[PDB]
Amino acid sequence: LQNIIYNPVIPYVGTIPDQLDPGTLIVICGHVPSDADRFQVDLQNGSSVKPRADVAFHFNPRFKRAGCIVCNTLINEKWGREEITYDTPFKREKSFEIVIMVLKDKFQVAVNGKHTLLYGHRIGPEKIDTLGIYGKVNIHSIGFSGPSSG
């Protein structure tokens, strides 16, 4: 991988190395803390806190009850329609590997080598230049792979 970040402190907010052109991969390896309630991975347009930066893609695994993954987009500080995935591969006290592939019309996400969900772009991905990770989660590494990697 390229531009790897190891054991980052959460909350984590860092500029992404390259434009997320179709085919780009975002690999995030971590572990879910005991009794974690939730955590999130946000692909943002900037790092402004106020006004809060738009979130092109909000990937938010929730663990209470049966557990799920909520995906949404924040525009001008307003959340849009939630897209919920009820078949979540995340579990407390277990490690994980998240692979987000940026396609032309959507994001494709796989966890632990298994397809998990799709999310159509609401904001042009070229507007994303910042990665944010918040919540109860331990991140081991963050890596990026461009479309022409090899």
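Each residue number is its position in the shown sequence, starting from 1.
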(Q) Please compare 98-106 with 79-87 and say which has the higher mean C-alpha temperature factor in the record. (A) 79-87
Q) Of the two stretches 11-19 and 127-135, which shows the higher Cα B-factor on average in the entry? A) 11-19
Q) Between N112, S47, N60, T116, where does the Cα B-factor run highest in the record? A) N112
Q: Specify which of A56, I26, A66, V41 carries the largest Cα B factor in the deposited PDB entry.
A: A66
